[PDB]
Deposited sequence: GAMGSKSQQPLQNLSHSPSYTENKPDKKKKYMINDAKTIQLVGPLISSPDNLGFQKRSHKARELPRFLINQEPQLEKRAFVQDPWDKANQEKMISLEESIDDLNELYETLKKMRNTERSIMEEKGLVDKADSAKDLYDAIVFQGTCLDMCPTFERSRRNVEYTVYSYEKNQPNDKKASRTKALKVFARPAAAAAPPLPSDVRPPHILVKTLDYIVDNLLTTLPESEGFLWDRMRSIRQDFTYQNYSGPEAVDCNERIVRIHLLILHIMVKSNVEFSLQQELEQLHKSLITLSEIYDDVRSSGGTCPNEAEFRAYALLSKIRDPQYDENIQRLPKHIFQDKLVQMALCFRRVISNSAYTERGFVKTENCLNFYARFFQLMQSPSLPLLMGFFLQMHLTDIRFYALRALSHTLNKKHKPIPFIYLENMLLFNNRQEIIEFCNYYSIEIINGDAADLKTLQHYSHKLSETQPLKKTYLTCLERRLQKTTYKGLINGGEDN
């Protein structure tokens, strides 16, 4: 029903100033149903609530996991139990066949899922007490990202405080397993964010979990590139971008309700780097309050967007804009600043090849035809290449002729775009100074901020 009160009605005001002059009389109107377009995620902490049968049923599943030693027998036992569970949960109105869905899985991985992954042998070594264990450990297994059709049961979804507990376990125990565990961590972190969406929950746990997951993604980006371990850069950046979009949406809703999030400026700055050339993020950042816009992290990110901007940036579907700086020299100076946050630098390492290409492309246009090849030592210092092998490989990728193994003939650069048509992209790289900074701190300290 619609909101009728005294305070709200007085505040909003009347339709006309003096209705009684026109012939109206005050009538006590009946309460009318709320119209379809005024229907309204949760932004405040809610006390955990669990149905007594759901609690009892889950405890039986744990007991049966301890008692039944046969893997397939335990799984089939929980399968028929789950079929009973769904109808009962449907009858209680706690799952659809709108309902405010509340997760009640108190483990890091649902008990039913643990038994299922035992049968499919999709349990990781990180999820077992001992490597040769036939069973996934209840205290070590992490729920995978759900890839189904029926709605997840309350016993399938972890509540917000358990989700925080799971991320705490990842931060405390699993960061040092990178780069080997990147597939595991990426999937498990995706599931943690999925559980929040299942409950439509945007409270402090969702903010805290999304923030630290974004930080883990930025750490992963540098670790995989430095270790030269093959991974999907695209999948890591997609989830990292999606978590940043989620954080921005929660930051917006919290602001509309009159609250604040202490770490908003840091992750507004990260979001400014997810799509470095998209004018959308320049527009959105200008709408934010002064204390967010003027925060040093946001200012630092805005500087990087300015220096990276290039009027010659060539890519299908990208619209070139006027008077761009193409300040590659400033970019590498800022990259080396001790005041640059490490995780922020890890994000900006994604554009090293792009910035380097258009620096060489722009410089070559200023050279007359008789100009001698540019010595590598000049280009290495100007583009902050790690070693001589990196600049040699760079010139080979872009078909830039190398003279005497130590100079680049920039007039031989024929490409006008950093992206080649029938070739895989250049192997991603990193900056030595950022790697050295990583070795002077801990993974856990970086993620916890």
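No C-alpha positions are given for the deposited-sequence stretches 1 to 30, 71 to 72, 130 to 138, 190 to 192, 494 to 497.
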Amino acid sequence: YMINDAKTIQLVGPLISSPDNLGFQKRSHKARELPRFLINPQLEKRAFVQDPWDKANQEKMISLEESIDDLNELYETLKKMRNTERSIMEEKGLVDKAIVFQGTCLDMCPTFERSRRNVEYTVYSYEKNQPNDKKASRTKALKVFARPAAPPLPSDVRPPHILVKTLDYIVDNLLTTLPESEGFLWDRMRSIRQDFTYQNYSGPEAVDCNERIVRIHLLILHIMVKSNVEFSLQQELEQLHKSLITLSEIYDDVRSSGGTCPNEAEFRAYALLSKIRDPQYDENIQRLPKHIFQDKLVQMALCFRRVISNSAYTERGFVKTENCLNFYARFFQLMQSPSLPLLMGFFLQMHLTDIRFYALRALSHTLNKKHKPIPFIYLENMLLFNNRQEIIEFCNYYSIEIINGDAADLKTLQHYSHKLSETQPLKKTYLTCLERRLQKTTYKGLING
From here on, numbers count along this sequence of modelled residues.
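Across the two stretches, 237 to 245 and 67 to 75, the PDB entry reports the greater mean Cα temperature factor for 67 to 75. Two stretches are in play, 260 to 268 and 80 to 88, and the higher mean C-alpha B-factor belongs to 80 to 88. Per the PDB entry, 43 shows the highest C-alpha temperature factor of the residues 43, 384, 403, 395. The PDB entry gives the largest Cα B-factor of the residues 110, 152, 341, 183 to 152. Looking at the C-alpha B-factors along this chain, the one for residue 146 belongs to the highest third.
In this PDB entry, residue 415 carries a Cα temperature factor that places it within the middle third of its chain's modelled residues. The entry lists a Cα temperature factor for residue 295 that places it in the lowest third of the chain's modelled residues. In the deposited entry, the Cα temperature factor of residue 179 places it in the lowest third of its chain's modelled residues. In the deposited entry, the Cα temperature factor of residue 438 sits in the middle third of values across the chain's modelled residues.
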